[PDB]
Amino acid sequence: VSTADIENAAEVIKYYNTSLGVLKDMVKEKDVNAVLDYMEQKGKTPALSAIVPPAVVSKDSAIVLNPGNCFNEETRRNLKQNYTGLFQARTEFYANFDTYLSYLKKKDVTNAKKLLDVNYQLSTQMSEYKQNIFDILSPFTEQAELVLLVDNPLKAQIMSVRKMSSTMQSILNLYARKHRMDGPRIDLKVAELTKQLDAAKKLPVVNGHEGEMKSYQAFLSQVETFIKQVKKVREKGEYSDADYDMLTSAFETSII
């Protein structure tokens, strides 16, 4: 591991961290759910008390649209394509909301319903582009970690926490798709999480890191609790915010 390797690896992780924040901001799943819920309700009643969450201005678009040469050209292309597609779908989704309200003002329920249906599809697309970006990055961030943790006696444990935390967040982001739940996809990701947890459970005790070992095994126990909760929620027939918040809370406690 040279200084060039280290810089490269840092740049990869930098881009991931910026991406995590940007995608959190650009697809706020509960806000998107809220927009769609208001659209549905406004077609039934005036829904006079509602204030739908406004679309925040894009931050760090200069960074995410310009992935560096720490990624290969194909990767750079695919990242740019997915971000570009995301920003376009999001623009449309929010433009369409305004137009929808104007069709309703004109009593044009027929055209309003069609624009609602288009927005359900744009919501799914936004979420797909977001997950696509994480999926693209995953192999490269794993390589970057190996460089940065090369001399760290807890590299395997550290990497397992980072990997499983990403998988839990991916499951949360799917679960939040209230209007178009992909049950089998959630099950697939729970099976990935389970494989990660099985791998983690094989790791040895590292001598002289008594606190870190305790911390790590508490995390593993919480991951197992999370897996079991997601399975129980998957036996139910509809999304609920209570279930989402239970799961997100289970996640947050694991990373404390």
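Residue indices: 1-based, along the sequence shown.
The question of which stretch, 225-233 or 41-49, has the higher mean Cα B factor is settled in favour of 41-49. Between 175-183 and 113-121, it is 113-121 that carries the larger average Cα temperature factor according to the deposited entry. When the C-alpha B-factors of 56, 191, 199, 206 are ranked from the entry, the top spot goes to 56.
The PDB entry gives the largest Cα B-factor of the residues 95, 168, 161, 144 to 95.
Ranked against the other modelled residues of its chain, the C-alpha B-factor of residue 87 as given in the entry falls in the middle third.
Ranked within its chain, residue 148 lands in the middle third, by CA B factor from the PDB record. Ranked by C-alpha B-factor against the other modelled residues of its chain, residue 74 falls in the highest third.
The entry lists a Cα temperature factor for residue 62 that places it in the highest third of the chain's modelled residues. Ranked by C-alpha B-factor against the other modelled residues of its chain, residue 241 falls in the highest third.
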